[PDB]
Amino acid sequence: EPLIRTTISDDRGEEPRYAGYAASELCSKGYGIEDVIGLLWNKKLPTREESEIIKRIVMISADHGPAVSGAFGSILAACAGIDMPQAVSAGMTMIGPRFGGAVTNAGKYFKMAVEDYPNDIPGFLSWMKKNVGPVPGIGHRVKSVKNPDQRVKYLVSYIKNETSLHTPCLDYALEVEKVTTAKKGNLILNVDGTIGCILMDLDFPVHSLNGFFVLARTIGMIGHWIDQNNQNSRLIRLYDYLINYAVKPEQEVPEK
């Protein structure tokens, strides 16, 4: 009775087979990292145009500076003298509802919009406000109509002008963006919404969606760990004035 069942990778031969294809044969025939991602996560070789999109999603989301949770977690561990894989694992642990997770929720709700509200953006927005609250993939702290997110503008322009891919989730999100930005300038289609829609339009299943942010941000977290080690950075201690000690009154311990 086997303990585990696996379907994606076979290491038993002279080299691993990813969804039935020999790793060196993928290399030899000119395939890339983006193609191995499609094979191991979706058991399907991407088409030429899908491959170009996967490559761009990873490149555009590789890093977003040291202030955000994943990179900061990796930096904190690097400065505490932790080895690279363990430091990057601490930063990766930050990926969830507030850091990267909106990719999945945006994919889910824009897919629902296409299926249940195809010719009804007001109905979709009304249902979202009532049942979810803010629309996942809409809104940014600083990026806006006046200050666009070039990561979004580039990905959208590339998929629309350099591919023939039909993108109904992304198309719907772009129509919603026109409405939400008319309400408030900061209500843009953000990079999580963009990637979430594109991945649904590339036929990736809902539970694979987070893989793209996890993998891409690992590139950046490894980079931040290397950077801190190159600088011989010292242990981080949060400055006292950055902490609000809203603690209980000091008390004497009562006798038992």
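Residue numbers run from 1 along the displayed sequence.
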Among other entries of this protein with both neighbours modelled, does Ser126 go without coordinates in a third or more of them? yes
Unmodelled in at least a third of other entries of this protein, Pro148: yes
Would you mind comparing 138-146 and 72-80 for me and telling me which has the higher average C-alpha temperature factor in the entry? 138-146
With B-factors read from the PDB entry, the higher C-alpha mean of 229-237 and 244-252 is in 229-237
Of the residues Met59, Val191, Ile37, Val206, the one carrying the largest Cα B-factor as recorded: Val206
Going by the entry, which of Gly91, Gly133, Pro85, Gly100 has the most elevated CA B factor? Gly133
What third of the chain, by the recorded C-alpha B-factor, contains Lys43? middle
If you rank every modelled residue in this chain by C-alpha B factor, which third holds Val114: lowest, middle or highest? middle
Test of reading the entry: by CA B factor among the chain's modelled residues, which third contains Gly30? highest
Third of chain Cα B-factors occupied by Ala106: middle
Entry-reported Cα temperature factor of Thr180, expressed as the chain third it lands in: middle
